[PDB]
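Everything below belongs to data-v8.tsv, which stores TSV, C-alpha atoms and all ligand atoms.
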```tsv
chain	number	residue	atom	x	y	z
A	3	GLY	CA	30.25	-4.43	-20.80
A	4	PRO	CA	26.83	-5.05	-19.13
A	5	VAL	CA	25.07	-8.37	-19.59
A	6	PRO	CA	21.93	-7.82	-21.71
A	7	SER	CA	18.48	-8.39	-20.25
A	8	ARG	CA	14.99	-8.84	-21.59
A	9	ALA	CA	11.51	-8.78	-20.06
A	10	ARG	CA	10.33	-12.28	-19.06
A	11	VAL	CA	6.72	-11.46	-20.17
A	12	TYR	CA	5.31	-9.51	-23.14
A	13	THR	CA	8.79	-9.47	-24.57
A	14	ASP	CA	7.95	-9.17	-28.24
A	15	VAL	CA	4.57	-7.49	-28.24
A	16	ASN	CA	5.79	-4.34	-30.02
A	17	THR	CA	7.78	-6.30	-32.61
A	18	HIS	CA	4.45	-7.84	-33.72
A	19	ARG	CA	2.72	-4.48	-34.03
A	20	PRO	CA	2.67	-2.26	-37.12
A	21	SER	CA	5.15	0.64	-36.84
A	22	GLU	CA	2.29	3.19	-36.44
A	23	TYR	CA	1.62	1.69	-33.02
A	24	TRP	CA	5.02	2.36	-31.51
A	25	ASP	CA	6.80	4.75	-33.89
A	26	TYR	CA	5.42	7.78	-32.10
A	27	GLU	CA	7.59	10.32	-34.00
A	28	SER	CA	5.74	9.38	-37.23
A	29	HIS	CA	2.35	10.10	-35.58
A	30	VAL	CA	0.39	13.11	-37.02
A	31	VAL	CA	-1.46	15.00	-34.27
A	32	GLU	CA	-4.96	16.11	-35.25
A	33	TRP	CA	-5.67	19.15	-33.06
A	34	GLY	CA	-9.09	19.74	-31.57
A	35	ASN	CA	-10.83	23.02	-30.78
A	36	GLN	CA	-9.55	24.71	-27.61
A	37	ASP	CA	-12.72	26.90	-27.68
A	38	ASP	CA	-14.83	23.73	-27.00
A	39	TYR	CA	-13.76	23.96	-23.32
A	40	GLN	CA	-14.22	26.37	-20.40
A	41	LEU	CA	-12.04	26.07	-17.28
A	42	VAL	CA	-13.95	25.63	-14.01
A	43	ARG	CA	-11.53	24.85	-11.17
A	44	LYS	CA	-7.93	23.83	-10.42
A	45	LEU	CA	-7.57	20.15	-9.50
A	46	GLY	CA	-3.81	20.01	-8.87
A	47	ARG	CA	-0.30	20.54	-10.21
A	48	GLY	CA	2.74	18.63	-11.49
A	49	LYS	CA	6.35	19.79	-12.00
A	50	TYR	CA	5.78	20.03	-15.80
A	51	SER	CA	1.89	20.36	-15.85
A	52	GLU	CA	-1.17	22.40	-14.68
A	53	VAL	CA	-4.41	20.35	-14.18
A	54	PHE	CA	-7.91	21.92	-14.27
A	55	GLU	CA	-11.55	20.90	-14.24
A	56	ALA	CA	-13.34	22.02	-17.38
A	57	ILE	CA	-16.63	21.72	-19.22
A	58	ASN	CA	-16.86	20.61	-22.84
A	59	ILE	CA	-19.37	23.25	-23.93
A	60	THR	CA	-20.37	21.13	-27.03
A	61	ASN	CA	-21.93	18.38	-24.77
A	62	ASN	CA	-21.96	20.11	-21.27
A	63	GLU	CA	-19.90	17.28	-19.74
A	64	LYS	CA	-17.13	17.72	-17.14
A	65	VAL	CA	-13.55	17.08	-18.53
A	66	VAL	CA	-10.01	17.30	-17.05
A	67	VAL	CA	-7.50	19.61	-18.80
A	68	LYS	CA	-3.73	19.06	-18.48
A	69	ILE	CA	-1.72	22.01	-19.74
A	70	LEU	CA	1.85	21.05	-20.73
A	71	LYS	CA	5.08	22.95	-19.89
A	72	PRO	CA	7.88	22.93	-22.60
A	73	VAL	CA	9.73	19.77	-21.45
A	74	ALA	CA	6.40	17.79	-21.34
A	75	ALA	CA	5.38	19.51	-24.65
A	76	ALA	CA	8.54	18.24	-26.44
A	77	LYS	CA	7.56	14.55	-25.84
A	78	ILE	CA	3.79	15.14	-26.64
A	79	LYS	CA	3.79	12.71	-29.55
A	80	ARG	CA	4.97	9.90	-27.25
A	81	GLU	CA	2.37	10.69	-24.50
A	82	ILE	CA	-0.43	11.04	-27.07
A	83	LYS	CA	0.46	7.79	-28.84
A	84	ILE	CA	0.66	5.91	-25.55
A	85	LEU	CA	-2.65	7.35	-24.29
A	86	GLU	CA	-4.36	6.53	-27.58
A	87	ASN	CA	-2.95	3.01	-27.58
A	88	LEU	CA	-4.17	2.35	-23.98
A	89	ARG	CA	-7.53	4.15	-24.35
A	90	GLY	CA	-10.34	2.02	-23.02
A	91	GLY	CA	-8.01	-0.22	-20.98
A	92	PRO	CA	-8.79	-1.04	-17.32
A	93	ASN	CA	-8.13	1.84	-14.95
A	94	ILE	CA	-6.29	3.93	-17.61
A	95	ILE	CA	-7.16	7.62	-17.84
A	96	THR	CA	-9.07	8.33	-21.11
A	97	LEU	CA	-7.70	10.93	-23.51
A	98	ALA	CA	-10.66	12.83	-25.05
A	99	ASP	CA	-8.89	15.62	-27.04
A	100	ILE	CA	-5.61	17.37	-27.79
A	101	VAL	CA	-5.75	21.19	-28.05
A	102	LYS	CA	-3.41	24.16	-28.46
A	103	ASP	CA	-3.74	27.70	-27.03
A	104	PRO	CA	-3.08	30.14	-29.91
A	105	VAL	CA	-2.26	32.81	-27.28
A	106	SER	CA	0.64	31.02	-25.50
A	107	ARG	CA	1.19	28.31	-28.22
A	108	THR	CA	1.10	25.71	-25.41
A	109	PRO	CA	-0.57	22.32	-25.88
A	110	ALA	CA	-3.00	20.62	-23.52
A	111	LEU	CA	-4.39	17.15	-23.16
A	112	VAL	CA	-8.09	16.78	-22.42
A	113	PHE	CA	-9.28	13.71	-20.54
A	114	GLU	CA	-12.74	12.32	-19.71
A	115	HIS	CA	-13.78	13.43	-16.18
A	116	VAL	CA	-12.36	11.42	-13.33
A	117	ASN	CA	-14.16	11.74	-10.00
A	118	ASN	CA	-11.20	12.40	-7.75
A	119	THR	CA	-11.23	12.00	-3.96
A	120	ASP	CA	-8.94	14.56	-2.45
A	121	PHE	CA	-7.00	12.71	0.27
A	122	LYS	CA	-5.01	16.01	0.86
A	123	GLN	CA	-1.69	13.98	0.92
A	124	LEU	CA	-2.93	12.09	4.05
A	125	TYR	CA	-1.94	8.44	3.55
A	126	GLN	CA	-3.02	6.96	6.94
A	127	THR	CA	-6.54	7.03	5.46
A	128	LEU	CA	-7.04	3.48	4.11
A	129	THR	CA	-7.91	0.25	5.84
A	130	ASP	CA	-6.02	-3.00	5.16
A	131	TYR	CA	-8.91	-4.15	2.90
A	132	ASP	CA	-8.87	-0.89	0.93
A	133	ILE	CA	-5.08	-1.09	0.42
A	134	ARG	CA	-5.48	-4.59	-1.04
A	135	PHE	CA	-8.43	-3.58	-3.14
A	136	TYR	CA	-6.76	-0.48	-4.62
A	137	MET	CA	-3.44	-2.21	-5.15
A	138	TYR	CA	-5.36	-4.85	-7.18
A	139	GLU	CA	-6.90	-2.06	-9.24
A	140	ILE	CA	-3.44	-0.54	-9.94
A	141	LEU	CA	-2.19	-3.99	-10.95
A	142	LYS	CA	-5.00	-4.26	-13.51
A	143	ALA	CA	-3.75	-1.04	-15.13
A	144	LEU	CA	-0.11	-2.14	-15.03
A	145	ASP	CA	-0.77	-5.59	-16.44
A	146	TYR	CA	-2.78	-3.91	-19.19
A	147	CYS	CA	-0.10	-1.43	-20.19
A	148	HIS	CA	2.71	-4.04	-19.93
A	149	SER	CA	0.60	-6.38	-22.14
A	150	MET	CA	0.31	-3.51	-24.65
A	151	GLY	CA	4.12	-3.10	-24.64
A	152	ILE	CA	4.26	0.01	-22.50
A	153	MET	CA	6.10	0.69	-19.24
A	154	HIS	CA	4.68	3.57	-17.17
A	155	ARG	CA	8.04	4.51	-15.60
A	156	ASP	CA	6.54	6.93	-13.05
A	157	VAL	CA	4.38	4.88	-10.71
A	158	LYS	CA	3.78	6.78	-7.45
A	159	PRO	CA	0.83	8.04	-5.33
A	160	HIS	CA	0.68	11.32	-7.31
A	161	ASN	CA	0.04	9.40	-10.56
A	162	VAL	CA	-2.88	7.41	-9.15
A	163	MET	CA	-6.35	9.12	-8.93
A	164	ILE	CA	-8.89	7.45	-6.66
A	165	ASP	CA	-12.73	7.89	-6.72
A	166	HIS	CA	-13.16	6.59	-3.12
A	167	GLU	CA	-16.99	6.95	-3.27
A	168	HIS	CA	-17.36	4.67	-6.32
A	169	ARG	CA	-14.24	2.65	-5.41
A	170	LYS	CA	-12.55	3.26	-8.74
A	171	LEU	CA	-9.03	4.22	-9.62
A	172	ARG	CA	-7.12	5.59	-12.63
A	173	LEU	CA	-3.42	5.43	-13.46
A	174	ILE	CA	-2.51	8.85	-14.86
A	175	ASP	CA	0.40	10.94	-16.22
A	176	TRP	CA	1.79	8.81	-19.00
A	177	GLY	CA	4.29	11.55	-19.92
A	178	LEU	CA	7.26	9.42	-18.88
A	179	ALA	CA	5.92	6.17	-20.35
A	180	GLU	CA	7.82	4.32	-23.09
A	181	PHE	CA	7.39	1.45	-25.51
A	182	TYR	CA	9.31	-1.67	-24.55
A	183	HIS	CA	11.60	-3.09	-27.23
A	184	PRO	CA	13.83	-6.03	-26.28
A	185	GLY	CA	17.49	-5.00	-26.08
A	186	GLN	CA	16.76	-1.29	-26.18
A	187	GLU	CA	18.73	0.89	-23.79
A	188	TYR	CA	16.63	3.48	-22.03
A	189	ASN	CA	17.31	6.70	-20.16
A	190	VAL	CA	17.59	6.04	-16.46
A	191	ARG	CA	16.51	9.59	-15.50
A	192	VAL	CA	12.92	8.52	-15.11
A	193	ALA	CA	10.41	8.25	-12.24
A	194	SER	CA	10.65	10.08	-8.95
A	195	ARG	CA	13.71	9.60	-6.70
A	196	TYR	CA	11.91	7.69	-3.95
A	197	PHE	CA	10.36	5.27	-6.46
A	198	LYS	CA	13.41	4.65	-8.65
A	199	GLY	CA	14.37	1.01	-9.05
A	200	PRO	CA	17.95	-0.13	-8.35
A	201	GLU	CA	18.40	-0.61	-12.13
A	202	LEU	CA	18.06	3.19	-12.63
A	203	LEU	CA	20.24	3.95	-9.65
A	204	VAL	CA	23.09	1.81	-10.95
A	205	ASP	CA	22.74	3.05	-14.52
A	206	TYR	CA	21.50	-0.22	-16.03
A	207	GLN	CA	19.76	0.99	-19.19
A	208	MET	CA	18.29	-2.27	-20.49
A	209	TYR	CA	15.33	-2.32	-18.08
A	210	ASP	CA	11.72	-3.25	-18.69
A	211	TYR	CA	8.21	-3.45	-17.23
A	212	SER	CA	9.58	-4.75	-13.91
A	213	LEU	CA	10.73	-1.18	-13.16
A	214	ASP	CA	7.05	-0.41	-12.47
A	215	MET	CA	6.80	-3.33	-10.04
A	216	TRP	CA	9.63	-1.92	-7.92
A	217	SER	CA	7.85	1.46	-7.76
A	218	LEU	CA	4.58	-0.28	-6.79
A	219	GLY	CA	6.44	-2.09	-4.00
A	220	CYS	CA	7.76	1.29	-2.73
A	221	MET	CA	4.16	2.54	-2.56
A	222	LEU	CA	2.97	-0.57	-0.78
A	223	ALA	CA	5.79	-0.42	1.81
A	224	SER	CA	5.12	3.25	2.55
A	225	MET	CA	1.40	2.46	3.08
A	226	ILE	CA	1.58	-0.77	5.18
A	227	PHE	CA	4.44	0.55	7.36
A	228	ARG	CA	3.12	4.12	7.57
A	229	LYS	CA	6.51	5.48	6.49
A	230	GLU	CA	6.44	8.25	3.83
A	231	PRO	CA	8.48	7.68	1.65
A	232	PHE	CA	9.75	4.25	2.50
A	233	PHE	CA	13.23	4.77	0.99
A	234	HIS	CA	14.03	8.38	1.90
A	235	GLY	CA	17.14	9.21	-0.19
A	236	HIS	CA	18.63	12.71	0.03
A	237	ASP	CA	19.77	12.30	-3.65
A	238	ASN	CA	20.12	9.41	-6.26
A	239	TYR	CA	23.30	8.03	-4.67
A	240	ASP	CA	21.86	8.14	-1.16
A	241	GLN	CA	18.71	6.56	-2.61
A	242	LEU	CA	20.65	3.34	-3.27
A	243	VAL	CA	22.17	3.51	0.18
A	244	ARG	CA	18.75	3.76	1.79
A	245	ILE	CA	17.70	0.75	-0.26
A	246	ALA	CA	20.89	-1.13	0.70
A	247	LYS	CA	20.18	-0.39	4.41
A	248	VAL	CA	17.00	-2.49	4.06
A	249	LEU	CA	17.74	-5.11	1.36
A	250	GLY	CA	21.38	-5.52	2.26
A	251	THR	CA	24.58	-5.01	0.35
A	252	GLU	CA	25.17	-8.75	-0.27
A	253	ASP	CA	22.23	-9.11	-2.66
A	254	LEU	CA	23.16	-5.76	-4.24
A	255	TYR	CA	26.58	-7.02	-5.07
A	256	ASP	CA	25.15	-10.27	-6.38
A	257	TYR	CA	22.88	-8.18	-8.67
A	258	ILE	CA	25.71	-5.98	-10.03
A	259	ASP	CA	27.87	-9.13	-10.53
A	260	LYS	CA	25.00	-10.93	-12.39
A	261	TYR	CA	24.70	-8.19	-14.97
A	262	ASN	CA	28.35	-7.14	-14.88
A	263	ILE	CA	27.43	-3.66	-13.93
A	264	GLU	CA	30.09	-1.14	-13.34
A	265	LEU	CA	29.28	0.86	-10.25
A	266	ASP	CA	30.07	4.58	-10.10
A	267	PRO	CA	32.95	5.28	-7.73
A	268	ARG	CA	30.91	7.65	-5.48
A	269	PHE	CA	29.20	4.51	-3.95
A	270	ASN	CA	32.53	3.18	-2.60
A	271	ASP	CA	32.61	5.44	0.31
A	272	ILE	CA	28.82	5.44	0.78
A	273	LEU	CA	27.40	1.99	0.42
A	274	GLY	CA	29.33	0.33	3.22
A	275	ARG	CA	28.17	-3.06	4.32
A	276	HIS	CA	24.59	-3.72	5.49
A	277	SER	CA	22.70	-6.81	6.44
A	278	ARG	CA	19.40	-7.66	4.73
A	279	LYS	CA	16.65	-6.78	7.23
A	280	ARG	CA	13.57	-8.76	8.10
A	281	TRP	CA	10.35	-6.97	7.11
A	282	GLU	CA	8.98	-7.60	10.62
A	283	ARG	CA	11.44	-4.85	11.88
A	284	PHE	CA	9.16	-2.16	10.34
A	285	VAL	CA	6.06	-3.50	12.14
A	286	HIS	CA	4.88	-1.37	15.10
A	287	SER	CA	1.63	-0.89	17.09
A	288	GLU	CA	0.51	2.01	14.82
A	289	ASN	CA	0.76	-0.09	11.60
A	290	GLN	CA	0.10	-3.70	12.72
A	291	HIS	CA	-3.56	-3.42	11.40
A	292	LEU	CA	-2.08	-3.12	7.84
A	293	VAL	CA	0.47	-5.87	8.06
A	294	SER	CA	-0.15	-9.60	7.58
A	295	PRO	CA	2.15	-12.49	6.61
A	296	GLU	CA	0.64	-12.24	3.04
A	297	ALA	CA	1.45	-8.50	2.79
A	298	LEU	CA	5.07	-9.04	3.85
A	299	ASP	CA	5.47	-11.96	1.47
A	300	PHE	CA	4.03	-9.91	-1.37
A	301	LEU	CA	6.26	-6.93	-0.59
A	302	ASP	CA	9.31	-9.17	-0.39
A	303	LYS	CA	8.58	-10.41	-3.95
A	304	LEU	CA	8.31	-6.89	-5.37
A	305	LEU	CA	11.27	-5.22	-3.61
A	306	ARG	CA	14.10	-7.26	-5.12
A	307	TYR	CA	17.24	-5.79	-6.65
A	308	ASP	CA	17.14	-8.19	-9.57
A	309	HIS	CA	14.50	-6.79	-11.89
A	310	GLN	CA	14.13	-10.24	-13.54
A	311	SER	CA	13.17	-11.79	-10.18
A	312	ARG	CA	10.34	-9.45	-9.22
A	313	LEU	CA	6.76	-10.55	-9.62
A	314	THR	CA	5.17	-9.46	-12.89
A	315	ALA	CA	1.85	-7.63	-12.62
A	316	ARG	CA	-0.12	-10.76	-13.45
A	317	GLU	CA	1.88	-12.85	-10.96
A	318	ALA	CA	1.25	-10.15	-8.33
A	319	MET	CA	-2.52	-10.42	-8.99
A	320	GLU	CA	-2.27	-14.17	-8.20
A	321	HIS	CA	-0.71	-13.51	-4.80
A	322	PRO	CA	-2.49	-14.68	-1.59
A	323	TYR	CA	-2.49	-11.06	-0.42
A	324	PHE	CA	-5.43	-10.53	-2.82
A	325	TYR	CA	-7.44	-13.63	-1.92
A	326	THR	CA	-9.61	-11.56	0.46
A	327	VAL	CA	-10.43	-8.97	-2.23
A	328	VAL	CA	-13.82	-9.54	-3.81
A	329	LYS	CA	-13.41	-10.34	-7.52
B	1	LIG	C1	-3.84	2.99	-4.12
B	1	LIG	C2	-3.83	3.39	-2.67
B	1	LIG	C3	-2.44	3.61	-2.12
B	1	LIG	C4	-1.69	2.53	-1.66
B	1	LIG	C5	-0.38	2.69	-1.25
B	1	LIG	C6	0.20	3.95	-1.27
B	1	LIG	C7	-0.53	5.05	-1.69
B	1	LIG	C8	-1.86	4.89	-2.12
B	1	LIG	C9	-2.57	6.10	-2.66
B	1	LIG	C10	-2.43	6.41	-4.01
B	1	LIG	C11	-3.01	7.55	-4.54
B	1	LIG	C12	-3.75	8.42	-3.75
B	1	LIG	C13	-4.36	9.66	-4.34
B	1	LIG	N1	-3.44	10.32	-5.27
B	1	LIG	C14	-4.01	11.53	-5.89
B	1	LIG	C15	-2.91	12.14	-6.74
B	1	LIG	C16	-3.37	13.15	-7.74
B	1	LIG	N2	-4.43	13.96	-7.53
B	1	LIG	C17	-4.43	14.91	-8.54
B	1	LIG	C18	-5.23	16.01	-8.81
B	1	LIG	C19	-4.91	16.80	-9.91
B	1	LIG	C20	-3.81	16.49	-10.72
B	1	LIG	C21	-3.02	15.38	-10.45
B	1	LIG	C22	-3.34	14.59	-9.34
B	1	LIG	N3	-2.69	13.47	-8.82
B	1	LIG	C23	-3.92	8.10	-2.40
B	1	LIG	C24	-3.36	6.94	-1.87
B	1	LIG	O1	-3.60	6.50	-0.59
B	1	LIG	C25	-4.53	7.25	0.21
```

Rewrite the coordinates I just gave you, this time as structure tokens.
Amino acid sequence: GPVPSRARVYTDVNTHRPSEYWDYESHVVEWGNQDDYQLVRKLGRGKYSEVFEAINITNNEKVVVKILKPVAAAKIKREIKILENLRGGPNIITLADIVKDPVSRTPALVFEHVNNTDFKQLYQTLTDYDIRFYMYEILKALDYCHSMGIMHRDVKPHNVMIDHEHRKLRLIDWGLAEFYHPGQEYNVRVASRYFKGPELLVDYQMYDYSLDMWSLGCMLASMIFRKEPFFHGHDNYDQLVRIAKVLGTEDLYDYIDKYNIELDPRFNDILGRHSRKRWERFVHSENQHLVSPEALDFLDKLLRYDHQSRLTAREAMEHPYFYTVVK
């Protein structure tokens, strides 16, 4: 069967932790008082969540309330444990309370207020410097969670809140996050189609933190090339094809051979044969102000089929692309 794989960094962090840290099913949820909060305005919406702006009437401070739909509610213990474990980490949203509506019996997560700039889904809104600066901020959150033994598994623009006035960012929606345990096989039905790594698309279950790095590379490519999304798959099978049209089928086959991965027969008629493209092909007059040799080099080192070859979050922070960012 498939060749086993392990993360090349933070491999055994969970193994060294007491079971209460990662054994989320054993966690006992202490419920707060839902009557401590009054809803003020709607901030946004997710497929399995409703997000509102609220006031904690006990201290008159603004808070963010995330009401959970049944599928999100079933994995509450995991999301709570992960949020509590990461609380106080750089650029991680801060869980303030956990409440339950006695009327609808639905749970909600309360977070400390996050000043959120509404970009209104307009992504041609950042300069080259700002892209580097905010990518560095995302990397701080990813290196932190990976160091704590957690993979986000849903990195995308929707899960990143930016306070553009104070130049601060938060990585949010940890509902799909999981604890990394070497040799564990995970569900590949994670993330959002456009941000899924090749490991998920080829059903390779022994993945790790590097999955997040692929997703981050998808975000970067969409931003520097002004192409939303960068890999525009019609479905999960076509998603790999779109990837293969850029990275090439040769390296894809080398990847599947390395890990002795059995490809699903639908791909036979759809993958074809494609040359690996040079990143310079996506450079045009409308996006040249966002592209530099350092950006293309950095992107190249994230968007690799082989999850073990991609830069880790800390290696990415060392990249020359970030030398211009004030630290
Ligand atoms: C790091 C900048 C960046 C670089 C590359 C590609 C994209 C971006 C980028 C990332 C995030 C955002 C803003 N995302 C807000 C999403 C959001 N608002 C919510 C309100 C309520 C509930 C949930 C929400 N979720 C903009 C970006 O570029 C302009």

Residues within 9 Å of ligand LIG 1 (chain B), counting all atoms listed in the file: report them as a ChimeraX atom specification. /A:44-48,51-55,66,68,118-128,132-140,158-165,171,174-175,218-226

Give me a file of those residues, with C-alpha atoms, as a PDB file, in the frame of the given file.
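So the final result, stored in out.pdb, reads:
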```pdb
ATOM      1  CA  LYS A  44      -7.930  23.830 -10.420  1.00  0.00           C
ATOM      2  CA  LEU A  45      -7.570  20.150  -9.500  1.00  0.00           C
ATOM      3  CA  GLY A  46      -3.810  20.010  -8.870  1.00  0.00           C
ATOM      4  CA  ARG A  47      -0.300  20.540 -10.210  1.00  0.00           C
ATOM      5  CA  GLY A  48       2.740  18.630 -11.490  1.00  0.00           C
ATOM      6  CA  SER A  51       1.890  20.360 -15.850  1.00  0.00           C
ATOM      7  CA  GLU A  52      -1.170  22.400 -14.680  1.00  0.00           C
ATOM      8  CA  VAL A  53      -4.410  20.350 -14.180  1.00  0.00           C
ATOM      9  CA  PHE A  54      -7.910  21.920 -14.270  1.00  0.00           C
ATOM     10  CA  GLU A  55     -11.550  20.900 -14.240  1.00  0.00           C
ATOM     11  CA  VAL A  66     -10.010  17.300 -17.050  1.00  0.00           C
ATOM     12  CA  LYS A  68      -3.730  19.060 -18.480  1.00  0.00           C
ATOM     13  CA  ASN A 118     -11.200  12.400  -7.750  1.00  0.00           C
ATOM     14  CA  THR A 119     -11.230  12.000  -3.960  1.00  0.00           C
ATOM     15  CA  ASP A 120      -8.940  14.560  -2.450  1.00  0.00           C
ATOM     16  CA  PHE A 121      -7.000  12.710   0.270  1.00  0.00           C
ATOM     17  CA  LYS A 122      -5.010  16.010   0.860  1.00  0.00           C
ATOM     18  CA  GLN A 123      -1.690  13.980   0.920  1.00  0.00           C
ATOM     19  CA  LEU A 124      -2.930  12.090   4.050  1.00  0.00           C
ATOM     20  CA  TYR A 125      -1.940   8.440   3.550  1.00  0.00           C
ATOM     21  CA  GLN A 126      -3.020   6.960   6.940  1.00  0.00           C
ATOM     22  CA  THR A 127      -6.540   7.030   5.460  1.00  0.00           C
ATOM     23  CA  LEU A 128      -7.040   3.480   4.110  1.00  0.00           C
ATOM     24  CA  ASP A 132      -8.870  -0.890   0.930  1.00  0.00           C
ATOM     25  CA  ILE A 133      -5.080  -1.090   0.420  1.00  0.00           C
ATOM     26  CA  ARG A 134      -5.480  -4.590  -1.040  1.00  0.00           C
ATOM     27  CA  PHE A 135      -8.430  -3.580  -3.140  1.00  0.00           C
ATOM     28  CA  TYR A 136      -6.760  -0.480  -4.620  1.00  0.00           C
ATOM     29  CA  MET A 137      -3.440  -2.210  -5.150  1.00  0.00           C
ATOM     30  CA  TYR A 138      -5.360  -4.850  -7.180  1.00  0.00           C
ATOM     31  CA  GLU A 139      -6.900  -2.060  -9.240  1.00  0.00           C
ATOM     32  CA  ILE A 140      -3.440  -0.540  -9.940  1.00  0.00           C
ATOM     33  CA  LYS A 158       3.780   6.780  -7.450  1.00  0.00           C
ATOM     34  CA  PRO A 159       0.830   8.040  -5.330  1.00  0.00           C
ATOM     35  CA  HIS A 160       0.680  11.320  -7.310  1.00  0.00           C
ATOM     36  CA  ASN A 161       0.040   9.400 -10.560  1.00  0.00           C
ATOM     37  CA  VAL A 162      -2.880   7.410  -9.150  1.00  0.00           C
ATOM     38  CA  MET A 163      -6.350   9.120  -8.930  1.00  0.00           C
ATOM     39  CA  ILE A 164      -8.890   7.450  -6.660  1.00  0.00           C
ATOM     40  CA  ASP A 165     -12.730   7.890  -6.720  1.00  0.00           C
ATOM     41  CA  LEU A 171      -9.030   4.220  -9.620  1.00  0.00           C
ATOM     42  CA  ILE A 174      -2.510   8.850 -14.860  1.00  0.00           C
ATOM     43  CA  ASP A 175       0.400  10.940 -16.220  1.00  0.00           C
ATOM     44  CA  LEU A 218       4.580  -0.280  -6.790  1.00  0.00           C
ATOM     45  CA  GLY A 219       6.440  -2.090  -4.000  1.00  0.00           C
ATOM     46  CA  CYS A 220       7.760   1.290  -2.730  1.00  0.00           C
ATOM     47  CA  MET A 221       4.160   2.540  -2.560  1.00  0.00           C
ATOM     48  CA  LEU A 222       2.970  -0.570  -0.780  1.00  0.00           C
ATOM     49  CA  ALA A 223       5.790  -0.420   1.810  1.00  0.00           C
ATOM     50  CA  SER A 224       5.120   3.250   2.550  1.00  0.00           C
ATOM     51  CA  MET A 225       1.400   2.460   3.080  1.00  0.00           C
ATOM     52  CA  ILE A 226       1.580  -0.770   5.180  1.00  0.00           C
TER      53      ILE A 226
END
```

List as a PyMOL selection string the protein and nucleic acid residues near residue 22 (chain A), meaning an atom at most 12 Å away when only C-alpha atoms are counted, but skip any in the same chain fewer than 4 places from it. chain A and resi 16-18+26-30+79-80+83-84+86-87

Using all atoms listed in the file, which residue out of A:197, A:247, A:281, A:207 lies closest to residue 230 (chain A)?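 Ranked by minimum distance to residue 230 (chain A), first place goes to A:197.
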
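Pairwise distance (CA of residue 144 (chain A), CA of residue 100 (chain A)) equals 24.0 Å.
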
Which residue out of A:91, A:155, A:232, A:256 has the minimum interatomic distance to residue 284 (chain A) when all atoms listed in the file are used?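 That would be A:232, the residue with the smallest distance to residue 284 (chain A).
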
Would you list the residues near (3.8, 7.3, -15.2), meaning any protein, DNA or RNA residue with an atom at most 6 Å from that point in file coordinates, counting all atoms listed in the file, as a list in words? residues 154, 155, 156, 157, 175, 176, 178 and 179 of chain A

Considering all atoms listed in the file, return as an mmCIF file with C-alpha atoms, keeping the file's coordinate frame whatever protein or nucleic-acid residues lie within 8 Å of residue 33 (chain A), sequence-local ones (same chain, fewer than 2 positions apart) excluded.
```
data_model
loop_
_atom_site.group_PDB
_atom_site.id
_atom_site.type_symbol
_atom_site.label_atom_id
_atom_site.label_comp_id
_atom_site.auth_asym_id
_atom_site.auth_seq_id
_atom_site.Cartn_x
_atom_site.Cartn_y
_atom_site.Cartn_z
ATOM 1 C CA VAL A 31 -1.460 15.000 -34.270
ATOM 2 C CA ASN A 35 -10.830 23.020 -30.780
ATOM 3 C CA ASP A 99 -8.890 15.620 -27.040
ATOM 4 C CA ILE A 100 -5.610 17.370 -27.790
ATOM 5 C CA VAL A 101 -5.750 21.190 -28.050
ATOM 6 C CA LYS A 102 -3.410 24.160 -28.460
#
```

Using 10 Å as the limit and counting all atoms listed in the file, can you tabulate each residue of region 257-292 of chain A that touches region 304-310 of chain A, with its shortest atom-to-atom distance in Å and the two atoms involved, as a tab-separated table?
```
residue	atom	partner	partner_atom	distance
A:257	CA	A:308	CA	5.8
A:258	CA	A:308	CA	8.9
A:260	CA	A:308	CA	8.8
A:261	CA	A:308	CA	9.3
```

What separation in Å, quoted to one decimal, exists between CA of residue 183 (chain A) and CA of residue 216 (chain A)?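 So the two atoms, CA of residue 183 (chain A) and CA of residue 216 (chain A), lie 19.4 Å apart.
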
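Taking CA of residue 196 (chain A) as the reference point, CA of residue 245 (chain A) is found at 9.8 Å.
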
Between A:289, A:117, A:106, A:314, which has the minimum distance to residue 146 (chain A) (counting all atoms listed in the file)? A:314

Show which residues sit within 10 Å of residue 190 (chain A), as a PyMOL selection string. Count all atoms listed in the file, and ignore same-chain residues fewer than 5 positions away. chain A and resi 155+198-199+201-209

The selected residues should be written to file as a PDB file, in the frame of the given file (atoms: C-alpha atoms).
```pdb
ATOM      1  CA  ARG A 155       8.040   4.510 -15.600  1.00  0.00           C
ATOM      2  CA  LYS A 198      13.410   4.650  -8.650  1.00  0.00           C
ATOM      3  CA  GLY A 199      14.370   1.010  -9.050  1.00  0.00           C
ATOM      4  CA  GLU A 201      18.400  -0.610 -12.130  1.00  0.00           C
ATOM      5  CA  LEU A 202      18.060   3.190 -12.630  1.00  0.00           C
ATOM      6  CA  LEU A 203      20.240   3.950  -9.650  1.00  0.00           C
ATOM      7  CA  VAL A 204      23.090   1.810 -10.950  1.00  0.00           C
ATOM      8  CA  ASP A 205      22.740   3.050 -14.520  1.00  0.00           C
ATOM      9  CA  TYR A 206      21.500  -0.220 -16.030  1.00  0.00           C
ATOM     10  CA  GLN A 207      19.760   0.990 -19.190  1.00  0.00           C
ATOM     11  CA  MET A 208      18.290  -2.270 -20.490  1.00  0.00           C
ATOM     12  CA  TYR A 209      15.330  -2.320 -18.080  1.00  0.00           C
TER      13      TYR A 209
END
```

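Across A:270, A:277, A:62, A:194, the tightest approach to residue 237 (chain A) is made by A:194 when counting all atoms listed in the file.
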
Pick from A:38, A:271, A:180, A:130 nearest to residue 297 (chain A), counting only C-alpha atoms: A:130

Using all atoms listed in the file, find the one residue out of A:252, A:228, A:242, A:50 that sits nearest to residue 77 (chain A).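 Using all atoms listed in the file, the shortest distance to residue 77 (chain A) belongs to A:50.
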